[PDB]
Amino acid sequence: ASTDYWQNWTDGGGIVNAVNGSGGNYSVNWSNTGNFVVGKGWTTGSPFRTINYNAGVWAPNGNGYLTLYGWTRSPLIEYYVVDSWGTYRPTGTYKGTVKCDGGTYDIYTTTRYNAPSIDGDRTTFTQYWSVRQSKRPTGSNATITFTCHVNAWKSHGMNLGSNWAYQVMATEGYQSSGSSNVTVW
């Protein structure tokens, strides 16, 4: 499918060279950054979406996530389906596991306090995570069946909000350097 949303947010730290490529392709070269999130996807997320991507380059030199990323409002929730990472595997309060698209994912919840949200300014909000137990190999055509994650999250009392915001296949980094090149459809 054609992506219609370009996400390019940085807290201003370091260098984040994000390139909005043709179609669903984007690339990012980053160095000594604060926190940033770059990715392509859809303006309005859906619990029924099947996301396809191929990360031709996944080269983080530190803390970075290759992840499906999105938000819902009412309530405010930042969610993640992490397929690969750099030096740090994100974790939180363990809820259980789910097998989706050939991989096994741990389900976690965490809370952010006085942190920047989608609306701007800062607030306290919950984060939902599905984190692969081992890094998914990159360079191949991968699929993330979001319904598989949404249903598993629901079984653990992790219900998404009623107002859907953007949904993208992103590269997120935190105080690190690296490069990525991803195509989304």
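The first residue of the sequence shown is number 1, and the count goes up from there.
Peer 1: So, looking at the entry's B-factor column for Cα atoms, which has the higher mean, 113-121 or 126-134?
Peer 2: The stretch with the larger average C-alpha B-factor is 113-121.
Peer 1: On average, are the C-alpha B-factors higher in 49-57 or in 152-160?
Peer 2: Per the PDB record, 152-160.
Peer 1: Which third, lowest, middle or highest, does the C-alpha temperature factor of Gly173 belong to within its own chain?
Peer 2: Lowest third, going by the recorded CA B-factors of the chain.
Peer 1: Taking only the Cα B-factors deposited for this chain, tell me whether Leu76 sits in the lowest, middle or highest third.
Peer 2: According to the entry, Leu76 has a C-alpha B-factor in the chain's highest third.
Peer 1: Would the CA B-factor of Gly62 place it in the lowest, middle or highest third of its chain?
Peer 2: It falls in the top third of the chain.
Peer 1: Would you mind checking where the Cα B-factor of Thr145 ranks among the modelled residues of its chain, as the lowest, middle or highest third?
Peer 2: Lowest third of the chain for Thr145's C-alpha B-factor.
Peer 1: Going by what the PDB entry lists, where does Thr3 fall on CA B-factor within its chain: lowest, middle or highest third?
Peer 2: As the PDB entry reports it, the C-alpha B-factor of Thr3 lands in the highest third of its chain.
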